[PDB]
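The form deposited in one PDB entry is given below as one chain in structure tokens.
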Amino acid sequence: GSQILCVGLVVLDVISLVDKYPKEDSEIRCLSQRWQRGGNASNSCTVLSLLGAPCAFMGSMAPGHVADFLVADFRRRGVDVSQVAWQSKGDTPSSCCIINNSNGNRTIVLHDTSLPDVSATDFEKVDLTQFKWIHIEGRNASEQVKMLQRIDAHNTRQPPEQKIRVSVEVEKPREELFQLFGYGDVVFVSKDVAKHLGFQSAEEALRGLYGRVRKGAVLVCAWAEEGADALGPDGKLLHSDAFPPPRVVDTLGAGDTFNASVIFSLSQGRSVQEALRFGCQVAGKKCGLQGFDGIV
């Protein structure tokens, strides 16, 4: 039971690096271009792998040349893809990403290809004895709340020394997803969500939202160059300053780098304070680099 599993989206990121964001109805040349395997859960596996944690990914992919690229990338990272929910309806999602090389800003135009989401049916088919931690990227809530319950069930049946740790990401300001707050030992909530609920800082968001998590859970809110905060059962607010690189050149996947790093640190036994900090340390480092290579 020593593999981390991330459940969520995997998409092909077609990326252009520009030195200024283009005004509407204008035309500008890009400095360079590349393809990356992206999606939150997928980006997190990249990071876990680079950190040395055996991990595996689970999500929908449609057979094709794109998927072939993605799988190859997964494999080069040593990510287990065996639990992938292969399909026959829909395309694999992709996006156009513009990365502003002058400040690391990233603009994402996303194509969700109707590809049907992973289901409780698919999940129930998974040998949970393989995993020390399961992270779930909040997408199809009603169908994921089910997967969560299945995980609780498995836990109710296990020595505390052998329970599967669970984390949840709530990233889009979307009603259906809020039911997810109520599950998992660790809950990640985004600045975008927090702002959409009227909160103007990580600390205010944590106070405002801790009521929604389940007893014993740690709530976590990262906030870009403000670093990140966390709040546990004891009611003590925890904070970490960011580690901004002198030149921020690419923030695409910083959030996923942070989540992966917190999970890793926690799974390794560290305190929440220490994990917050390691999360920022690794995410800040990634912001100084194009892509993920070399955060290690």
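In this text, rigid core is short for the largest set of C-alphas that superpose within 1.5 Å between two forms. Sequential numbering from 1, following the sequence displayed.
The same protein also has a form deposited in another entry, omitted here; what follows describes it.
Among the candidates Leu197, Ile108, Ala224, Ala72, displacement between this form and the one not shown reaches 2 angstroms at the C-alpha for one position only, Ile108 (superposition on the rigid core). Relative to the superposed rigid core, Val126 undergoes a CA displacement smaller than 2 Å between this form and the one not shown. If you fit the rigid core between this form and the one not shown, you'll see the Cα of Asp234 move by less than 2 angstroms.
Superposition on the rigid core between this form and the one not shown places the CA atom of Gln281 less than 2 Å from its counterpart.
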